[PDB]
Each structure stands twice: as C-alpha cells, then as structure tokens.
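Numbers restart at 1 for each chain; the letters A, B, ... are given by sequence-line order, proteins then strands.
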Amino acid sequence: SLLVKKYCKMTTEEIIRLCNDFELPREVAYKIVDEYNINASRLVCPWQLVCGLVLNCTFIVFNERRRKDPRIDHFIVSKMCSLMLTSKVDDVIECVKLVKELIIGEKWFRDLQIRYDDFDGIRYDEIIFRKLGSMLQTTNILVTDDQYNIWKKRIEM
DNA sequence: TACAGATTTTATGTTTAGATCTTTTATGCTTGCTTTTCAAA
C-alpha cells in the first residue's frame, strides 16, 4: 500500500500525472498541487492528502455523470485503490473523509463547489429546501425524468 | 336626609425572589526542571 509510506519525496510532476489520470483540468490540478506545497511538511503520509484531494475534486467535477451512472463511483474508487496499491476500500474512504475536514473551508474549494454546483452532492435548488425543511423537497424515491427518458431510448433501440 | 351596604384608605403581617458583600477555597498563569515518543540520520 502507498498510504502506509511515511515521508516520501514527491516531485511536482507526479501529482500532475495522478490528476491527469482522473481527467482534472489545469486549474483544479494546479490547486491540488498548491494545496500540497503549502502543507508539504506537517505531513505524515503525503499520498493520503493527495488521494483525498484528487477524489474530493473528482466527485465535484464529475457530479453530473455520477447522478446518471452510480457505477462511476465504484469505478473511480477502484482506480484509486489501484494507484495506491491497496486492497482495502475503507482506507480510501478514510483518506477522503480526513482530507475533506482540511478543505471544507477554503476559498478555492468554495469556488469549485459554486462553479460545478456540488454542495455535498446536491444542487443549490435542492439543498436550500433540505436546509429549510421543506415538505415539497425532492425525494429520492421516484426515478429521474431524464433517466426515465434514457431508459425509454434504451428500450426503443 | 338617613341609612345599610360596598369600596377605599391606612396599616400591618407572611412568604418568596433576588441583590450585595465577605470569607475561604479552587484555579489559571509563571517559571524552572524531568521524561518521552516522533521526524530525520
């Protein structure tokens, strides 16, 4: 496993290669890199921070494709369990929920969540009614309209 | 206007809620000293 390794010498190009393995554009990848540099030391296992940062941005950037296909989540989790050479899927979840606590308040994470409309996996137009306690909020009980149209196309083909 | 009755005035007692002030005791900072685990050789 790469999450047990302590005090590793990370070049600046390995993080860009790991970000390009998850199709992150240049701004978010450079922000992950800069987030690594300002906490370069004070670090125990760099791979845990980089892995949590990359997957935390991955669920934000690709949140449109994660609502349509729930398999994408397992798929990306497994690519990660791989690039970290680990067979335990709870270590990756521990990594992302430990990195989320260090990134939940910054300005750039705020800009990313605003621009891709992520807000812990929710649109703003739903989360304002979850926070208000609306009776008329959208319930995850009925199928999505576009998902139902996609299924109707799948049975038409 | 006289008057019985009802209410007000003056006067005091009973009980609870809270304020203030003092005295003794907990506690938080200072500073110097000893032990201990964690980020490099």
Where does DNA chain B pair, written as one dot-bracket string 5' to 3', with Watson-Crick or G-U pairs under 3.5 Å, ( ) inside the strand, [ ] for crossing pairs and | for another strand?
.........................................
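Heavy-atom contacts from other residues, nucleotides or ligands closer than 6.0 Å to CD1 of A/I93 number more than 12.
For the pair A/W108 and A/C57, the minimum side-chain heavy-atom distance is below 4.5 Å. Looking at A/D120 and A/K100, their side chains come closer than 4.5 Å, going by heavy atoms from C-beta outward.
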Pick out the pairs of N or O atoms, protein on one side and nucleotides 38-41 of chain B on the other, that lie under 3.5 Å.
residue, atom, partner, partner atom, Å
B/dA39, OP2, A/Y7, OH, 2.6
B/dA39, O5', A/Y7, OH, 3.3

Step-by-step salt bridge (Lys or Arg N to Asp or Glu O under 4.0 Å) determination, A/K107 to A/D111:
CA-CA 6 Å; A/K107 173 142 184 185; A/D111 293 309; 5.7 Å; no
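For the residue pair A/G105 and A/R110, the shortest heavy atom distance occurs at O-NH1, 4.3 Å.
Rounding to the nearest 0.5 angstrom, the gap separating the CG atom in A/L112 from the CD atom in A/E27 is 10.0 Å.
Screening A/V50, A/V4, A/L18 for a side-chain contact (heavy atoms from CB on, under 4.5 Å) with A/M84, the sole residue that qualifies is A/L18.
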